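This report refers to the structure that appears directly beneath it.
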Amino acid sequence: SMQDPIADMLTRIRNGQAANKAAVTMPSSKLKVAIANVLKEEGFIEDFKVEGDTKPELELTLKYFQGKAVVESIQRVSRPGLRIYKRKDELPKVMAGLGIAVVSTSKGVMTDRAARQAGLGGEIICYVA
Amino acid sequence: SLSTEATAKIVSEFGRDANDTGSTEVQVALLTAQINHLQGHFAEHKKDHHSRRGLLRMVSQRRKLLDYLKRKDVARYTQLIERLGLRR
Amino acid sequence: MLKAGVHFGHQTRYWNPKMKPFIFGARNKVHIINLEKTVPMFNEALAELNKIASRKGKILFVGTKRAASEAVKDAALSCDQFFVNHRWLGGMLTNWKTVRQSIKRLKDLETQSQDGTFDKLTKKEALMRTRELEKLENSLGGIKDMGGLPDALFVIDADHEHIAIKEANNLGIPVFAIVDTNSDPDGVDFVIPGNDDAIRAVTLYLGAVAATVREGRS
RNA sequence: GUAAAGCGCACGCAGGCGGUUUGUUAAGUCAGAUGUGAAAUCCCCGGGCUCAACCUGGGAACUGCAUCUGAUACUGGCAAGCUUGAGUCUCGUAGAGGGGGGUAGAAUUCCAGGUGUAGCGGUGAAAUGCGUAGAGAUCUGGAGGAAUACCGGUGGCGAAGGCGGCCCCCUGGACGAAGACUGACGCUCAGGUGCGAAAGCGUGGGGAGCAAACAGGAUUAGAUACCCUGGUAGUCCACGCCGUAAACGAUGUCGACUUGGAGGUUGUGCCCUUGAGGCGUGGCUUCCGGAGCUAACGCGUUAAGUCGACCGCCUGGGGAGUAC
Ligand SMILES: [Mg+2]
Ligand SMILES: [Mg+2]
Ligand SMILES: [Mg+2]
Ligand SMILES: [Mg+2]
Ligand SMILES: [Mg+2]
Ligand SMILES: [Mg+2]
Ligand SMILES: [Mg+2]
Ligand SMILES: [Mg+2]
Ligand SMILES: [Mg+2]
């Protein structure tokens, strides 16, 4: 059963990307949004919406540069049954910098860069490159 | 399974009201029914293992129901056991 | 789009999930090409085509199939265009170096019949070597004169001509072909979602490209 | 999956993991600071013995523990919920699912009698064998045990093993449909408990056919075999025990995603179904195959593809799944 909603969202994107699927959808949730937001602010996804009222959806639009997809690689990190927390001077550097690492900080769900600068650490979530 | 009559009957005797078949209490009751009635059938035959599987499922399922009830309301749990004389 | 209303879809129900972005419907148990976006395709193709076709653009029309066969010839033979409508030789494009050798033989073979250079050896031999020119003028005839790979090529159906196309893109040669349902677009770089048959359909765009190509020569 | 490696299969305690929203807490977590983390090593910069080794000043590091002050996204606790997960109810549907008890017809064998007469049976041939004490064939009557042709299948049901005539009684699961209800009650599971083909074991029954053993006949150089003529255990039954199999998909369970095609099976909404039919939409299941995966063979929405939760297991061959 869905013991990890975050993973689903991630896998949904990579699977879709390789599938050329225009966009992807799934049940939204506070966290899912934060992640999707960072994914947009960083230029990995065109945009994203959340349909439904009593039942939240998540119209996540995928992005494709040239004859290829933008998300060439996206894997989960701090999964359940094995959490991962880093320090300001520990945050991993995705793809030597050409990539990003979504880390949940006590100030919000930001990108590795931002967190490292704000001088605060948090819980990694994935390594979108 | 169970007789519609006895089914509906026991639905009220424990149901939060009327036609609300689903209450943690209601279930336990409906379960203990066949659970106790089956013994009569199982006392005989005995080698009807395949049918035992069902019996055991409802048995364990009941335990998982009560265990829950007690966790969400120690009241109904302690009261429910009485009307069914369960828990030893 | 005008005359375009003379071919519509094709192929019963076998299609290909790759042609989906080009299919309209499937009235009467048969997929119907989305001509509503087919004509727009013609642009990018007909455009880039006449473009390089300007500098004696070596165009290679391919139509091994029966229907288009007798037609494909005229089209390419209406200007500095070449054609192939008889069993696409294996490697006549890539293994040109070796294939051309057969062409030369064909050339000189013509001269034989040309002048008195034919009346030689027993009737047996003459009649024997004459057969050689026959087939040769078919499998290499409409390409005998083209020293060097073509600037491009316009193959009819991307399916029956799988071999031809496979070589084209291998030599970094732009491919222009009419694909539809059962056809595989991943090959051709200039998708032309249209009926792969229909005597009218083939001739429709066949000459269409021919003109734009011959015209592109100023 | 086939190289070593998925418990034979289920239920499930401990344990691990946990859908969704608001609040609250602040334990994990993050930040700041304060203690402390001996000096020497190590490391950076800098010195001193001609250099170097060596010596030395300072800093760094000591990835750690504790306290204090905060931060609250995420995990954890608590409160109040929510409904999509799981379950409950109603009504149907299909089924060789299970336990018990009946019962029918086809055949074999055996017993008795009739007709009839010199063979039958068997093989590659034969022979053993059964026949004039009358077989075989043929007909009538009876006894008895076991198994259910056809339907029947690319089929169905079950956790697995496995389950086929028909009838009754007791009983388990699965699926759909409209909906109604409970409100995360869930997934996995070492140990544990239970189920486990065939063969085998104990007690007492039963015993037609088939058949380890055994005895003849034949074959062969030999034939402790294959073949033939017989034939005990057993195969059947009740109850108990044994727990193994190439217990195999040689592929653990639960969940979410990812182009297609053809077909089987079972439920269902809708449409002149005039007739079948056509538009679909769930469950289970075959074959082909794309991407991708793969050492290859191949797998391929029922994955061996892309991911998450938990579990079992592998670490060269022989010795050896053996000894103790
Ligand atoms: Mg092996
Ligand atoms: Mg092996
Ligand atoms: Mg298994
Ligand atoms: Mg020290
Ligand atoms: Mg919380
Ligand atoms: Mg046995
Ligand atoms: Mg026995
Ligand atoms: Mg099944
Ligand atoms: Mg396949």
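Convention: chains lettered A, B, ... in structure tokens order; per-chain residue numbering from 1; ligands numbered from 1 as shown.
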If you take only C-alpha atoms (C1' of nucleotides) and all ligand atoms and a cut-off of 10 Å, which residues of chain D touch ligand 1, and what are their nearest atom pairs and distances in Å to one decimal, in chain and number order, as JSON lines?
```
{"residue": "D:2", "atom": "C1'", "partner": "ligand 1", "partner_atom_place_in_ligand_line": "1 (Mg)", "distance": 7.5}
{"residue": "D:3", "atom": "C1'", "partner": "ligand 1", "partner_atom_place_in_ligand_line": "1 (Mg)", "distance": 8.3}
{"residue": "D:250", "atom": "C1'", "partner": "ligand 1", "partner_atom_place_in_ligand_line": "1 (Mg)", "distance": 9.3}
```
Taking only C-alpha atoms (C1' of nucleotides) and all ligand atoms into account, which residues have an atom no farther than 9 Å from ligand 5? I'd like them as a list in words.
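Those residues are residues 74, 75, 76 and 77 of chain D.
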Contact residues around stretch 163-179 of chain C with only C-alpha atoms (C1' of nucleotides) at 9 Å, ignoring same-chain residues under 4 positions, as an NGL selection string:
:C and (19 or 45 or 49 or 62 or 88-94 or 149-159 or 183-185 or 187-196 or 202 or 205)
Restrict the selected residues to N, CA and C atoms and save them as a CSV table (one decimal), in the first residue's frame.
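Resulting contents of result_15.csv:
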```csv
chain,number,residue,atom,x,y,z
C,19,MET,N,1.7,6.9,-34.6
C,19,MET,CA,1.0,7.8,-35.5
C,19,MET,C,-0.2,8.5,-34.9
C,45,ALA,N,8.0,20.3,-45.1
C,45,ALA,CA,8.6,19.3,-46.0
C,45,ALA,C,8.9,20.0,-47.4
C,49,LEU,N,12.5,21.1,-48.8
C,49,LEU,CA,12.8,20.4,-50.0
C,49,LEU,C,13.2,21.2,-51.2
C,62,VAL,N,11.5,7.3,-53.9
C,62,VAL,CA,11.4,5.9,-53.8
C,62,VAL,C,10.0,5.4,-53.7
C,88,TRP,N,14.5,-2.0,-53.9
C,88,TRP,CA,15.6,-1.2,-53.4
C,88,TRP,C,16.8,-2.0,-53.1
C,89,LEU,N,17.8,-2.0,-54.0
C,89,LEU,CA,19.0,-2.8,-53.8
C,89,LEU,C,19.5,-2.6,-52.4
C,90,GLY,N,20.1,-3.6,-51.8
C,90,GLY,CA,20.6,-3.6,-50.4
C,90,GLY,C,21.9,-2.8,-50.3
C,91,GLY,N,21.8,-1.5,-50.0
C,91,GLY,CA,23.0,-0.7,-49.9
C,91,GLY,C,23.3,0.2,-51.1
C,92,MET,N,22.4,0.4,-52.0
C,92,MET,CA,22.7,1.2,-53.2
C,92,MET,C,23.0,2.6,-52.8
C,93,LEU,N,22.8,2.9,-51.5
C,93,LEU,CA,23.1,4.3,-51.0
C,93,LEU,C,24.3,4.2,-50.1
C,94,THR,N,24.4,3.4,-49.2
C,94,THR,CA,25.5,3.2,-48.3
C,94,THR,C,26.7,2.5,-49.0
C,149,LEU,N,26.0,10.3,-53.5
C,149,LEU,CA,24.8,10.2,-52.7
C,149,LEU,C,24.0,11.4,-53.0
C,150,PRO,N,22.6,11.3,-53.0
C,150,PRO,CA,21.7,12.4,-53.2
C,150,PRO,C,21.7,13.4,-52.1
C,151,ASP,N,21.3,14.6,-52.4
C,151,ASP,CA,21.2,15.7,-51.4
C,151,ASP,C,20.1,15.4,-50.4
C,152,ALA,N,19.2,14.6,-50.9
C,152,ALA,CA,18.0,14.2,-50.0
C,152,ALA,C,17.3,13.0,-50.8
C,153,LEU,N,16.1,12.7,-50.3
C,153,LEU,CA,15.3,11.6,-50.9
C,153,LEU,C,13.9,11.7,-50.4
C,154,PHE,N,13.0,11.4,-51.3
C,154,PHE,CA,11.5,11.4,-51.0
C,154,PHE,C,10.9,10.0,-51.2
C,155,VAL,N,10.9,9.2,-50.2
C,155,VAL,CA,10.3,7.9,-50.3
C,155,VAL,C,8.8,7.9,-50.0
C,156,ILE,N,8.1,7.1,-50.9
C,156,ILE,CA,6.6,7.1,-50.8
C,156,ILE,C,6.1,6.6,-49.4
C,157,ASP,N,6.1,5.3,-49.1
C,157,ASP,CA,5.6,4.8,-47.9
C,157,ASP,C,6.8,4.4,-47.0
C,158,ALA,N,6.8,4.9,-45.8
C,158,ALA,CA,7.9,4.6,-44.8
C,158,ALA,C,8.0,3.2,-44.4
C,159,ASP,N,7.0,2.4,-44.8
C,159,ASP,CA,7.0,1.0,-44.4
C,159,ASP,C,7.7,0.1,-45.4
C,183,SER,N,2.5,2.9,-40.5
C,183,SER,CA,3.8,3.4,-40.7
C,183,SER,C,4.5,3.8,-39.5
C,184,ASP,N,5.9,3.8,-39.5
C,184,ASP,CA,6.7,4.2,-38.3
C,184,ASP,C,7.4,5.5,-38.6
C,185,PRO,N,6.9,6.6,-38.0
C,185,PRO,CA,7.5,7.9,-38.1
C,185,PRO,C,8.9,8.2,-37.5
C,187,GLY,N,11.4,7.0,-38.0
C,187,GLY,CA,12.5,7.0,-39.0
C,187,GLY,C,12.6,8.4,-39.8
C,188,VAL,N,11.6,8.6,-40.7
C,188,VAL,CA,11.6,9.9,-41.4
C,188,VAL,C,11.7,11.1,-40.5
C,189,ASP,N,12.4,12.1,-40.9
C,189,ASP,CA,12.6,13.3,-40.1
C,189,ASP,C,11.5,14.3,-40.5
C,190,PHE,N,10.9,14.1,-41.6
C,190,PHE,CA,9.9,15.0,-42.1
C,190,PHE,C,8.6,14.2,-42.3
C,191,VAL,N,7.8,14.1,-41.2
C,191,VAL,CA,6.5,13.4,-41.2
C,191,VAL,C,5.5,14.0,-42.2
C,192,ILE,N,5.0,13.1,-43.1
C,192,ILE,CA,4.0,13.5,-44.0
C,192,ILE,C,2.8,12.5,-43.9
C,193,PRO,N,2.1,12.6,-42.7
C,193,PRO,CA,0.9,11.8,-42.4
C,193,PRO,C,-0.2,11.8,-43.5
C,194,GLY,N,-0.1,10.8,-44.4
C,194,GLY,CA,-1.0,10.7,-45.5
C,194,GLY,C,-1.2,9.3,-45.9
C,195,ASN,N,-2.3,9.0,-46.7
C,195,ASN,CA,-2.6,7.7,-47.2
C,195,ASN,C,-1.3,7.1,-47.9
C,196,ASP,N,-1.0,5.9,-47.5
C,196,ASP,CA,0.2,5.2,-48.1
C,196,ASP,C,-0.1,4.5,-49.4
C,202,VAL,N,-1.2,9.0,-54.0
C,202,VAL,CA,0.2,9.0,-54.3
C,202,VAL,C,0.6,10.0,-55.3
C,205,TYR,N,0.4,14.0,-54.0
C,205,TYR,CA,1.6,14.6,-53.4
C,205,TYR,C,2.9,14.3,-54.2
```
Report as a ChimeraX atom specification: the residues of stretch 80-115 of chain A with a DSSP assignment of helix (DSSP H, G or I), based on the backbone of this structure.
/A:94-97,112-115
Please produce an output containing N, CA and C atoms for each residue in the selection, written as an mmCIF file, in the first residue's frame.
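The file below, again.cif, is the result:
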```cif
data_model
loop_
_atom_site.group_PDB
_atom_site.id
_atom_site.type_symbol
_atom_site.label_atom_id
_atom_site.label_comp_id
_atom_site.auth_asym_id
_atom_site.auth_seq_id
_atom_site.Cartn_x
_atom_site.Cartn_y
_atom_site.Cartn_z
ATOM 1 N N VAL A 94 23.930 17.991 -6.033
ATOM 2 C CA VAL A 94 23.442 17.252 -7.190
ATOM 3 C C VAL A 94 24.133 17.638 -8.495
ATOM 4 N N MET A 95 24.579 16.623 -9.229
ATOM 5 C CA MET A 95 25.255 16.802 -10.511
ATOM 6 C C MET A 95 26.262 17.950 -10.511
ATOM 7 N N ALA A 96 27.148 17.950 -9.520
ATOM 8 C CA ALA A 96 28.181 18.974 -9.395
ATOM 9 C C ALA A 96 27.636 20.399 -9.435
ATOM 10 N N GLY A 97 26.319 20.541 -9.333
ATOM 11 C CA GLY A 97 25.719 21.862 -9.357
ATOM 12 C C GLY A 97 24.684 22.037 -10.452
ATOM 13 N N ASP A 112 18.555 22.701 -2.386
ATOM 14 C CA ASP A 112 19.813 22.579 -1.658
ATOM 15 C C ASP A 112 20.548 23.916 -1.576
ATOM 16 N N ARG A 113 20.742 24.550 -2.728
ATOM 17 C CA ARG A 113 21.433 25.833 -2.800
ATOM 18 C C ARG A 113 20.908 26.810 -1.752
ATOM 19 N N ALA A 114 19.637 27.176 -1.885
ATOM 20 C CA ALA A 114 18.992 28.109 -0.967
ATOM 21 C C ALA A 114 19.230 27.746 0.495
ATOM 22 N N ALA A 115 18.922 26.504 0.851
ATOM 23 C CA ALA A 115 19.100 26.034 2.219
ATOM 24 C C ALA A 115 20.534 26.250 2.689
#
```
Surroundings of ligand 7 up to 12 Å, based on only C-alpha atoms (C1' of nucleotides) and all ligand atoms, as a PyMOL selection string:
chain D and resi 199-206+233-241
Tell me which protein, DNA and RNA residues are within 10 Å of residue D:144, counting only C-alpha atoms (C1' of nucleotides), leaving out same-chain ones fewer than 4 positions away, and put them as an MDAnalysis selection string.
chainID D and resid 109:110 207:208
Could the residues in this selection be saved with N, CA, C and O atoms (P, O5', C5', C4', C3', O3' and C1' of nucleotides) as a PDB file, in the first residue's frame?
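As written to disk, part-v3.pdb reads:
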```
ATOM      1  P     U D 109     -13.016 -59.552 -18.211  1.00  0.00           P
ATOM      2  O5'   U D 109     -12.770 -60.152 -16.758  1.00  0.00           O
ATOM      3  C5'   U D 109     -11.533 -59.946 -16.086  1.00  0.00           C
ATOM      4  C4'   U D 109     -11.708 -60.148 -14.603  1.00  0.00           C
ATOM      5  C3'   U D 109     -12.510 -61.393 -14.251  1.00  0.00           C
ATOM      6  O3'   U D 109     -11.691 -62.555 -14.242  1.00  0.00           O
ATOM      7  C1'   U D 109     -13.312 -59.544 -13.001  1.00  0.00           C
ATOM      8  P     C D 110     -12.347 -63.987 -14.555  1.00  0.00           P
ATOM      9  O5'   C D 110     -13.148 -64.322 -13.223  1.00  0.00           O
ATOM     10  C5'   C D 110     -12.471 -64.424 -11.975  1.00  0.00           C
ATOM     11  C4'   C D 110     -13.469 -64.585 -10.858  1.00  0.00           C
ATOM     12  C3'   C D 110     -14.554 -65.610 -11.144  1.00  0.00           C
ATOM     13  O3'   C D 110     -14.142 -66.935 -10.857  1.00  0.00           O
ATOM     14  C1'   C D 110     -15.543 -63.616 -10.357  1.00  0.00           C
ATOM     15  P     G D 207     -14.347 -57.360  -0.070  1.00  0.00           P
ATOM     16  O5'   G D 207     -13.285 -57.094  -1.227  1.00  0.00           O
ATOM     17  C5'   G D 207     -13.446 -55.995  -2.116  1.00  0.00           C
ATOM     18  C4'   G D 207     -12.175 -55.757  -2.897  1.00  0.00           C
ATOM     19  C3'   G D 207     -11.569 -57.023  -3.481  1.00  0.00           C
ATOM     20  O3'   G D 207     -12.171 -57.353  -4.726  1.00  0.00           O
ATOM     21  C1'   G D 207      -9.875 -55.707  -2.459  1.00  0.00           C
ATOM     22  P     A D 208     -11.967 -58.819  -5.347  1.00  0.00           P
ATOM     23  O5'   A D 208     -11.689 -58.533  -6.890  1.00  0.00           O
ATOM     24  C5'   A D 208     -12.659 -58.865  -7.875  1.00  0.00           C
ATOM     25  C4'   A D 208     -12.648 -57.853  -9.000  1.00  0.00           C
ATOM     26  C3'   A D 208     -11.337 -57.546  -9.743  1.00  0.00           C
ATOM     27  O3'   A D 208     -11.027 -58.535 -10.720  1.00  0.00           O
ATOM     28  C1'   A D 208     -12.567 -55.544  -9.367  1.00  0.00           C
TER      29        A D 208
END
```
Which is closest to residue A:61 among A:118, A:101, A:35, A:24, if we use only C-alpha atoms?
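Looking only at the distances to residue A:61, the closest residue turns out to be A:24.
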